[PDB]
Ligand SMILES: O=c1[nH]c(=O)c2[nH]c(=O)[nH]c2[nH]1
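The chain below stands alone and is given in structure tokens; this is the form solved without the ligand.
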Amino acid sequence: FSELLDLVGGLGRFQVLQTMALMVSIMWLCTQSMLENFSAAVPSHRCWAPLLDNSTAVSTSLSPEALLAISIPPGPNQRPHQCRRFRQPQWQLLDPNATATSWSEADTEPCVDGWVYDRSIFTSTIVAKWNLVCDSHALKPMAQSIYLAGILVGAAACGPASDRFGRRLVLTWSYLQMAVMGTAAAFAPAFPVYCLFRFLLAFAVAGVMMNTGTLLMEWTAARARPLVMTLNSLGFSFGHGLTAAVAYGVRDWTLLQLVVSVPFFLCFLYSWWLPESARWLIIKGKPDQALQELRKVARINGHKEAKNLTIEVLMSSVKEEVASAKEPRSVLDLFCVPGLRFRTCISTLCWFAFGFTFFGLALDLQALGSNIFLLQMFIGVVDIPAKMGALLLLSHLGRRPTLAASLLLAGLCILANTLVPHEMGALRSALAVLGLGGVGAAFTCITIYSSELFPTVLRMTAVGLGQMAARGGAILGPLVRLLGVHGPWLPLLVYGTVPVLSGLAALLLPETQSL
């Protein structure tokens, strides 16, 4: 089949343009996934109070800070209580002689009149719009979990649909669905509706993710395939800096969601100029259309040998690919074959740890440091060198030590975050960034390692099981943030322990580097 592509041009103008387009689309998709750091940022809040907020009331000479002392009780975090207010104004606290014994918990009431939010950084967020605070604090991580479950279901549906209808058609409708559901979510009137539309948007995101990579492989000669996979991975790295810049420019959540959704109407449009995969068309029994597509691409590449191709050449040569359908395998087959039991268990655990840790940490940057725009930028800045150095080490020192060291380093960097003093926000930010870079390198290492652990027919099923395990773990990722009620150290402790244990499992895998 590669010789046909060399009769069409296995790496030329067409592949360059296609790669550029799909890289850009992946950048915007990454912005879609990371958006809720800025769309659902939690501004500081307090109950609405008659004295503080009703400017129409009788004015007084007291300073704003004195009124804040008079109205809102002190909270655990050495700050105003974010969910309670005094039943009656506590004038007695105004004198410096006041003591905590002067007021009882019975003298505080939960916010009846709602909350007042800080607008200095963000003009509006879904948290401020729908009051996802206090009793409703669980609703933000629940929304993120619903988005990731949408990704899981979309990935499940993409395979059968992609085989029945083709890569390009599914990619086109995935683009359209992403644009429509991102625009619908921006104007949602209520929180449940917002969750529904985010779920369907993730449903489309999964199809874009899968079909972009699949369709890039099948039009590229084998001598350039790994480079294309690397560039596809780097598009995600650039998506973080894109998110940082766009969110820095746009401080309003509706406009931000709209801005990151509009680009996919253009992606939908240029998807119509993309040719469908020739392998799929021939295997489906459509040689004429496949020949049309191949002559199309050869014309794009300015390649003369379009004169030579005929349907007889296509059918006779690719017949061996058409014959490939004869040997299916199940997930149950992986677990039944004695020796693959161990490899499957540990590999699945590593995939699960990657997804769990990355999407647990990356979606609450507001806890990891001071400035979230710079954190979002810097995880993208670190991801690139991390992944390419991971490739260098993986070609030098083998799969097993590199994967183990990457996961262990990520775990140790995240665990240290729980031990460092809070005053050193800079050091904490650096450690968090390094941990996420380590997780990205582990993603690279496992992506390559999985294809080598298993025999050829089971290779694809094993990779599918791993990816599905990662998508399932990402769902549990955000929910662990609910444990933060007992202190922010516990979510980070979980996020840190998991990669450590999965790295210590990586040491037990068998090596595959040829020596």
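Take the two forms, find the largest set of C-alpha atoms that superpose within 1.5 Å, and that set is the rigid core. A residue's number is simply how far along the shown sequence it sits, counting from 1.
Not pictured, yet referred to below: the form solved in complex with the ligand.
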TODO: Verify the contact flag for residue 167: yes if a non-hydrogen atom of it lies within 4.5 Å of a non-hydrogen atom of the ligand in the bound PDB entry, no if not.
DONE: no
- [ ] Report whether the minimum heavy atom distance between residue 471 and the ligand in the bound PDB entry is within 4.5 Å.
- [x] yes
Open item on the list: Would you classify residue 428 as touching the ligand in the bound PDB entry, given a 4.5 Å non-hydrogen atom cut-off?
Closed with: no
- [ ] Check whether residue 354 has any heavy atom within 4.5 Å of a heavy atom of the ligand in the bound PDB entry, and answer yes or no.
- [x] yes
Task: Heavy atom contact within 4.5 Å of the ligand in the bound PDB entry, the stretch among 233 to 241, 339 to 347, 114 to 122, 90 to 98 - done: 233 to 241
TODO: Name the residue from 41, 453, 458, 30 that puts a heavy atom within 4.5 Å of the ligand in the bound PDB entry.
DONE: 30
TODO: Work out which of 394, 209, 215, 127 lies within 4.5 Å of the ligand in the bound PDB entry, going by heavy atoms.
DONE: 209
- [ ] Residue by residue through 350 to 372, tell me which have a non-hydrogen atom within 4.5 angstroms of the ligand in the bound PDB entry.
- [x] 354, 358, 359
Task: Displaced residue between this form and the one not shown, judged on C-alpha after the rigid core is fitted, out of 396, 79, 119, 87 (threshold 2 Å or more) - done: 396
